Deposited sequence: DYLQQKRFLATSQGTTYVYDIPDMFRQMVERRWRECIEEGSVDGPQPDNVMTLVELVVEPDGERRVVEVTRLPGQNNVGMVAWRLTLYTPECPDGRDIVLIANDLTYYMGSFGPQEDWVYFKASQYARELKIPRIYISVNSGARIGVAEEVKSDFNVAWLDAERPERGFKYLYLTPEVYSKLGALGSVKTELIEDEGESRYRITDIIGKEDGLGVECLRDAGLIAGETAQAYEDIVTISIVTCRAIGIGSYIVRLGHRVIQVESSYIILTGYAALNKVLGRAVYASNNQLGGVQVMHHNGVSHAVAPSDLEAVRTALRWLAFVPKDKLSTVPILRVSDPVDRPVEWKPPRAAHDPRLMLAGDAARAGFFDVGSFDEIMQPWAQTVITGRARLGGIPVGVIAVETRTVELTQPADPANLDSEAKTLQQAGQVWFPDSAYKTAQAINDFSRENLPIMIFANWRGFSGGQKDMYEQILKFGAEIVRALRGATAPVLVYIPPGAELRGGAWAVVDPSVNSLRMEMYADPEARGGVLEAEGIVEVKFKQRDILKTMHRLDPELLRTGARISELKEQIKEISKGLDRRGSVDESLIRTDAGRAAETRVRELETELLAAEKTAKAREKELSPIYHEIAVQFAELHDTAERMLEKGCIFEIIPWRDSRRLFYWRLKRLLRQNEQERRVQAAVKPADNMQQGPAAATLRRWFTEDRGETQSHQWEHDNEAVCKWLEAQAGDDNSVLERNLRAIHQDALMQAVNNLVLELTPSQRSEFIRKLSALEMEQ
C-alpha cells in the first residue's frame, strides 16, 4: 500500500496528507536560509538538519498522559496527529520548538469525537506548560454525528391497525428475544407493557454501546474551546484553514485569533443546504458564499490568505519569526543588513498618499523600516487603519498607520431578502470608524500577547460621530483601544509623522498617561495637535467682538474715524446752549456729518472681515505647534523624520535591555518585597552612577546608546557591578524573609527550630 490510498483521497479532496505536513516546514526553513544568505541576516552555512520531529501520542486509559515517540507514519488510531518540532531557523540558529496539531480527513472526514478531542486538549496543555507556540491546521467536518445501530436493525413498530400501516403508529418497541440480547449492553431504557396478547418492551430511551453519537461530542467541544481560549491568553497560537472548517472547529479557528486561509477554503457554521431548507427556496448555491475568502478575509476573521498549503506554511513561519521562542525569552533580533545610519528619504507629503510607501519605499527614496521587512495582515478590512509587522534594525516591531485617502467600501447584497441591493460607502481618511477602531484594538491585543514592541504612526482628526456611526457603537470600540493599550506587555512608541494631525479624543486614547509604564510619545517638527481644529476655536473662543476690537486697534482709518467721532461728541458736550437758539443750526449739520462718521466706519468693518478672519485662523494655528507640546510636557522629545530610524532603534534597544534587567531585579527581591518598575529603574541608575561616576550620570536619560552598551557589557561579566549586587540583594531579601517568618512563629515551635537546626 505504502500509504497511497490515503494520499490519493487527501489530494483528491484538496488537502496535503497529514504525515506529509512536517516536511513542508523543513523546505520553508531551508528557503529562508538561502534568502538570508543573500541579504546578510546570517552568514553561516545552512545546517545539515533543520527540523527534528517527535510524535506525541496520548495514553488511552491510565491518565491520558502525553508520551513522545518516534514511529513510522500512518499508524494513527485517532483523527488528529500532533508533533513537537525543533526548527533551526535563521533568527534562532541553536534551536526552537513548536507544537503542531493537525486533523485527518482520511479518518471519518475529520470529525470531532471525544478521543480526537483529548489529543487536542493534551497537546495544547503540553504547549502551554512548555510555553512554546502552537500551530493548528483545520481539516474538519464538525462534531461527530451518530445513530445507534443495534436497535436500528431490531426495532419493531406498534400499529393502530396492522392491515393498514399508513394510518399511524403508536410506539416503537422491542420483542423479548431482542431484549435478551440487548439488555446487558444498556442500549435501551424500556418499560414492560402487555399490549394485545404479547409482552412488549416499549422503548422510552435509546442509548448506544458506542460513543460519539450525540451530546458527548459537544461536552468535549467546550473543553477544546476553553483550552483554546486559555492558550490564547498564555501562548502564541496560529491557525491554518485548508479545505473546510464547519461548526465548532470554526470557533477554535477564531479562538486562535491568527488565521491563514487557503483560497479554496471555507469557514462556515451551517451548511448551505440546511439554510435553503429553512428559507424554503434555493437561496445559496455554495458554501463559499457563506464562508469563503471574500467574506472572512473582508470581515477580519481570516488575517492572511495564501494560494496553497505550502505558502500558508511560509506565512506561518514568517509570523513565527517575529515572536520569541518561548515566553521566558527576548524577541529574536537579527543582524543589521540595512544600515541604521541611513537617511529616511521618503517624506510624507501634505496631500493624500499611500502610507505603505513611507514604511517600505518606492524603489528609490528609502523609507523608515528595513527593505522588504514589511508584512501587513488585514489588508481589505477597515482600510483606514494599516496594521502589520516589520523589523527595525533586526528588532521585530508592530506597526499601526493611517491611510490619508478616501476608501470606497462595497457592501454586497443579501440573497435571502429580495429587496436588498449592493451599496457604495465613502469612508474618510483620518477618522476612526467602528471597523477601524475594532481593527486597532485587535492589532494591539495580538501584538501584546506576543510581546512585540508597537510603533504607532498617529494621524487622526477624531472619531466618527454621525447618527449611523453612533448607532453602530463607536463608543464601545473606542473604549476597546484604551483597554488594549492598558493591557500592554511591551514598549509602545507613538510618533506623529510630518504633515500629521492628532486632534480630539484620539489624543485621549493614545496618550502615554493611559499606561505610563509602557507608552511614550514623540513628534515631528512639522506636526500639529490640539483640542479642536482652528476654525472651531475661532467660532467658540475668538468671536465677532474680538475681531472688531482688533480692527479698531490695528486699522489706521478706523483709528482716525474714531478720533473724529470722539471730537464730534466733545463738540456736542461743549455746545449745550443754542436770538433764541442762535447756535442751533450748525448742530444739525454736525449731526449729519456725525452720520457721515458712524457710517463709513461700518463699511470698513465689512470690507475687512475676511482678512482678520485669516488673522484669527493663523492665531489659532500658532497654538497647535510642536514646541508648545514639548514645553507643556505632553511629548517626550522632538525627532526629525530624516533621523528617526537611528534614534528609535537605539531607544527601543535601550528599553528592551533595561526591561530585562528590571525583571531580574524584581525577581531578586521576591521573598522580601513586591517591587514596582520605578524602584528597579532607580536601582539600575544607582548601579550606573556607582560604576561610572557622578559626572557622567546624566547619560541615563540623554544617551540611549551608552546605556544599552553599558547594560550589554555588565550583563556578560560575572565580576560586574550588576551581578554581584543582584546576588547581595537576593541574600538580604532571604534574610528579611526568614526573620519575618520566624517572628510569626509560636514560642513552642521556635525552640524546636533553634535546637534542631543548631544540632546540625
key: Sequence order list of spans that the model leaves without C-alpha positions, deposited numbering   = 579-593, 776-779
